[PDB]
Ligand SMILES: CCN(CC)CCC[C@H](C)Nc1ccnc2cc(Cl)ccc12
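Encoded as structure tokens, the following chain is the form deposited without the ligand, with no partner shown.
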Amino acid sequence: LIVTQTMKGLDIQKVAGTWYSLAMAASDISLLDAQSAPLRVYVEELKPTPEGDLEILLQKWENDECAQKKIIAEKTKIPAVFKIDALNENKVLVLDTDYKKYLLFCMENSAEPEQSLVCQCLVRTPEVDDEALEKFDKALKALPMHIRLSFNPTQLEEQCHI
């Protein structure tokens, strides 16, 4: 119940396609700190399933290489809230999106919401969106964030943001 503003009326079909992890933030520094930190993941593809779930394709830097991971976000009552079981998290929350430009989401472990909160700013094109970053920074002030990372367009197009 830390993250309160979830997008009421999210249409999961319109978020399908390619995305880029433009910026990310977390409540615990060490979970996002290093290149191989456990919550340092880069979203590639969001693909809703026929069952109404959401498949999240992301890359993660593991053992001196960029590894491909897939994680199923299963629907719940709340349209913008999904349940998962990867990265020691169990919930995906969509804060806001306009589908065409940007999407803001957070991940949480409901058992330890203050230490597991990690949020990201996704963008449709591999460029910096000042309007997406501003909406991203505005959502973070209400959240207990202690680390913020930003990436340039060149890194958005490299494997694991180089």
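Numbers follow the displayed sequence, beginning with 1. Residues that one form lacks are left out of the comparison. In this text, rigid core is short for the largest set of C-alphas that superpose within 1.5 Å between two forms.
For the higher mean C-alpha B factor in the entry, choose 64-72 or 22-30.
In the deposited entry, the stretch with the higher C-alpha B-factor mean is 64-72.
Mean C-alpha B factor from the entry: is it higher for 153-161 or for 3-11?
Result of the comparison: 3-11.
C-alpha B-factor winner, where the candidates are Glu45, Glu114, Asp98, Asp53:
Highest C-alpha B-factor among the listed options: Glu114.
Place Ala80 in the lowest, middle or highest third of its chain's C-alpha B-factors, as listed in the PDB entry.
According to the entry, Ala80 has a C-alpha B-factor in the chain's highest third.
Mind checking which third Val94 falls in for C-alpha B-factor across the chain?
Middle third by C-alpha B-factor.
Which third, lowest, middle or highest, does the CA B-factor of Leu58 fall in along this chain?
Middle third by C-alpha B-factor.
Going by what the PDB entry lists, where does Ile147 fall on CA B-factor within its chain: lowest, middle or highest third?
Its C-alpha B-factor, which the entry lists for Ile147, ranks in the lowest third among residues of this chain.
Chain thirds of CA B-factor: placement of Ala37
Middle third by C-alpha B-factor.
The same protein has a further form, the form deposited with the ligand bound, not shown here; the description that follows concerns it.
Using the site C-alpha superposition to carry the ligand over in the deposited complex, what's the verdict for this chain: open, or blocked with 3+ ligand atoms inside 2.4 Å of backbone or C-beta?
Placed partner shows the pocket blocked.
If you check in the deposited complex, is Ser116 within 4.5 Å of the ligand, heavy atoms only?
Result yes; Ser116 sits at the interface with the ligand in the deposited complex.
Going by a heavy atom distance of 4.5 Å, is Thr76 a contact of the ligand in the deposited complex?
Output for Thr76 is no: heavy atoms all beyond 4.5 Å of the ligand.
Could you confirm whether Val81 comes within 4.5 Å of the ligand in the deposited complex, counting heavy atoms only?
No, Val81 is distant from the partner.
Contact with the ligand in the deposited complex for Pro48, defined as at least one heavy atom pair within 4.5 Å: yes or no?
No, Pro48 is distant from the partner.
Using the rigid core as the reference frame, would you say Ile78 shifts its C-alpha by 2 Å or more between this form and the one not shown?
No; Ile78 is a residue whose C-alpha shifts by less than 2 Å between this form and the one not shown when the cores are overlaid.
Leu87: Cα shift of 2 Å or greater between this form and the one not shown (core-aligned)
The answer is yes; the displacement is at least 2 Å.
Sense of the change in Cα distance from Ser30 to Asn88 in the deposited complex - at least 3 Å versus the shown form:
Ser30 and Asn88 sit farther apart in the deposited complex.
Go ahead and list the segments of at least 3 residues in a row whose C-alphas all shift 2 Å or more between this form and the one not shown, with the rigid core as the reference fit.
That run whose C-alphas all shift by 2 Å or more is 86-89, the only one.
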